[PDB]
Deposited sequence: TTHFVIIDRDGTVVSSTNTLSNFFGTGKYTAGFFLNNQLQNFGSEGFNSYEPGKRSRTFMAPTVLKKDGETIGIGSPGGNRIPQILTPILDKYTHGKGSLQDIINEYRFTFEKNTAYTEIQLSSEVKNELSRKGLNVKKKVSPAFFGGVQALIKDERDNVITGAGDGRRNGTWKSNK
């Protein structure tokens, strides 16, 4: 899965996420490309996906954002948008913050945490687990246009060697 964002001259924003489901899909390979894997979630129907390309708009601000990472997608994006809207700092900075996701009473962590914290969370029935794969926590890609004047900025997720540019 991969997500990208584009903003053009007259402030059109595209926010798009494409995928094979698994890495390499089923791994089956023909005429130069990998065939998708279809997760079972009747003939011509599409399955549910957690993917969520999104745009945010205020007066003087346009945000496009999204991320891979399967069923962790809303968990990846919620804290970032939360921190960001509450003035906590530059979008890139926030993308850089260490991350956690939950799977039914297991909290998965990007960076290993203190005893203090591990106990407090043990008390709520959760058992912290640190995870090795940096890609497990997504690949958030975002752009921001503001009307000062205008400046585009954005974020690329170094966990998937992601990046961004504006003129």
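Enquirer: Give me the ranges of the deposited sequence that have no CA atoms here, in sequence order.
Expert: Unobserved in coordinates, per deposited numbering: 42-50, 177.
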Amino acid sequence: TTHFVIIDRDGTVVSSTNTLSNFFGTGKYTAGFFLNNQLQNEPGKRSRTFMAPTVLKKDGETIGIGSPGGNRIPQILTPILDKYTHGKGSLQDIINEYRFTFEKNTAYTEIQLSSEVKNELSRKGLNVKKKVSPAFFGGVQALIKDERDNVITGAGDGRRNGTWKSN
From here on, numbers count along this sequence of modelled residues.
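Enquirer: Identify the stretch, either 100-108 or 66-74, whose C-alpha atoms have the larger mean B-factor according to the entry.
Expert: Comparing 100-108 with 66-74, the higher mean C-alpha B-factor belongs to 100-108.
Enquirer: On mean C-alpha B-factor from the PDB entry, just flag whether 118-126 or 57-65 is the higher one.
Expert: Mean CA B-factor is higher for 118-126.
Enquirer: Looking at 40, 141, 30, 49, which has the highest CA B-factor as recorded?
Expert: Spelled out: the listed residue with the top C-alpha B-factor is 40.
Enquirer: Quick one: which of 14, 155, 20, 151 shows the highest Cα temperature factor in the PDB entry?
Expert: Comparing C-alpha B-factors across 14, 155, 20, 151, the maximum falls on 151.
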